[PDB]
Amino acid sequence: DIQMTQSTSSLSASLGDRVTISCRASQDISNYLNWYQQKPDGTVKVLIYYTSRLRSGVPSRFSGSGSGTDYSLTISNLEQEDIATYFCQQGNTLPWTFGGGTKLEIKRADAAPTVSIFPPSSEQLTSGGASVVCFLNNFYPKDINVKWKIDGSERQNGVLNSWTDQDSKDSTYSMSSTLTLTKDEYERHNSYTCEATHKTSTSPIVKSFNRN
């Protein structure tokens, strides 16, 4: 089979910038190289076929080039709706093969997270479980640190973090932090605190509740 290799698995650029994504084949593919876009929701469409032919209905800011084993996709000015993963694909010989994909992130102005904390629900408490949940929403850039404090004391165990995709409309990220405890472990403490440190501020954003 023909191995297809993309330049990077990820890159980041600003609105209005020109971006180029490269693709190399392990054997000559006679210009039979095609490019696809996969939106974060999973939807896939073809952009370019036969190296350089723009697919009808696809904006002309997309273009392609190359020959032999070396090919490129270029987006001449980056728009908001271009957040996606880009894939090349050789159609010269079976089995038809794809590159590993290049994820494209859009740069934007820094934004502080909005933080919300939530105690374990009653329904959950009765079932013998205790999950404390923290949402850190609509922040940029992606890098963020969350600490859990129980009665002033940091906890590491049973904390699970999950980030969203870059959101297609405003280019922010969100994340959830979930601290899972036993009910009787939850019941032995009072103050539960979620602290987020992000480049937008020297001071952590602190959110807190008392079990009373």
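Residue indices: 1-based, along the sequence shown.
Averaged over their C-alpha atoms, the temperature factors of 157-165 and 43-51 are higher for 157-165. For the pair 198-206 and 19-27, the mean B factor over Cα atoms is greater in 198-206. Each of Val58, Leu33, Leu181, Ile144 has a CA temperature factor in the record; the biggest one is found at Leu181. Between the residues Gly99, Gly128, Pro95, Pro113, it is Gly128 that shows the highest Cα B-factor in the PDB record.
Sort the chain's modelled residues by C-alpha temperature factor and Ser76 lands in the middle third, per the entry. Among all modelled residues in this chain, the alpha-carbon of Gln89 has a temperature factor (C-alpha) in the lowest third. Annotation for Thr5: CA B-factor lies in the lowest third of the chain's modelled residues. In the PDB entry, a CA B factor belonging to the lowest third of its chain's modelled residues is recorded for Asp82.
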